[PDB]
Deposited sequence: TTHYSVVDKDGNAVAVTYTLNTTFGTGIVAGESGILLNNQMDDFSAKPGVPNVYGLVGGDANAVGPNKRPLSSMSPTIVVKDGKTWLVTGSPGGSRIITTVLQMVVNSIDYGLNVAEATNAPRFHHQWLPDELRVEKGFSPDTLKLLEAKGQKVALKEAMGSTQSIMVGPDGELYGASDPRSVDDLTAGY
């Protein structure tokens, strides 16, 4: 899965998340077309609502998101990462609104995640040992796991100044403008 964000000079904005499902999907190219085919059917429940059926779209966590401030587009964001998309995007929004972090600070900040089942508070590297011990004392079951997400985000000043951040978790990515 991958996410990209665009803002133009007129203040129009677009957030796209799109995917083959897994990396390279099936690995099958369709004959002589040069096109790799998705394995999106895995996103159905194999064994009620998200069961496989004809002409149906399998549920996806993909969440291209646009936040509006004082009447204007203000944050454009999104990410790959399956169910973790929800918490990755949520942390972008919370970081920007509640903690007053610039789009790059919000992006490079460490991420945590609780998806109810498994019953664990999943963390990346970067939270204080003092804080994690406190969370354990509160009842949380802390689980240090691999990096989550690849946010590609644009913040927009009321004056049209643009501010962008590519995820450190993805190499060879780029945010650029003119």
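**Student:** If I number the deposited sequence starting at 1, which residue ranges have no C-alpha coordinates at all?
**Tutor:** The deposited sequence has one unmodelled segment, at 48-59.
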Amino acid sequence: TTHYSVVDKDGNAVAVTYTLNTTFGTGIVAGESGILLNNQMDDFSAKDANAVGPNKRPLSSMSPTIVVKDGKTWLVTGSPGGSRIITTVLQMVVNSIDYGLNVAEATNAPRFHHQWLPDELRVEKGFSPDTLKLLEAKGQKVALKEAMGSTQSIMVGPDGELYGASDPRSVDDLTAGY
From here on, numbers count along this sequence of modelled residues.
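Note that the rigid core is defined as the largest set of C-alphas that superpose within 1.5 Å between two forms.
**Student:** Fitting on the rigid core only, I'd like to know which of the two stretches, 65-73 or 116-124, ends up farther away in Cα terms in 8 other deposited structures of this protein.
**Tutor:** With the rigid core superposed, the C-alphas that lie farther in 8 other deposited structures of this protein are those of 116-124.
**Student:** Could you tell me which of the two stretches, 25-33 or 147-155, has its Cα atoms lying farther from the shown structure in 8 other deposited structures of this protein after fitting on the rigid core?
**Tutor:** Stretch with the larger root mean square C-alpha distance in 8 other deposited structures of this protein: 25-33.
**Student:** Which has higher Cα B-factors on average according to the PDB entry: 57-65 or 128-136?
**Tutor:** It is 128-136 that shows the higher mean C-alpha B-factor.
**Student:** Hey, which bit's got the bigger mean C-alpha B factor in the entry, 110-118 or 66-74?
**Tutor:** Looking at the recorded C-alpha B-factors, 66-74 comes out higher on average.
**Student:** Say you rank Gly164, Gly11, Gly25, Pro168 by Cα B-factor from the PDB entry; which sits at the top?
**Tutor:** Result of the comparison over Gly164, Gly11, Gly25, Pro168: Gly11.
**Student:** By the CA temperature factor listed in this entry, which of these ranks top: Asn50, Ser153, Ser33, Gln40?
**Tutor:** That would be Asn50.
**Student:** Going by the CA temperature factor in the PDB record, which third of the chain does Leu101 belong to: lowest, middle or highest?
**Tutor:** As the PDB entry reports it, the C-alpha B-factor of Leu101 lands in the highest third of its chain.
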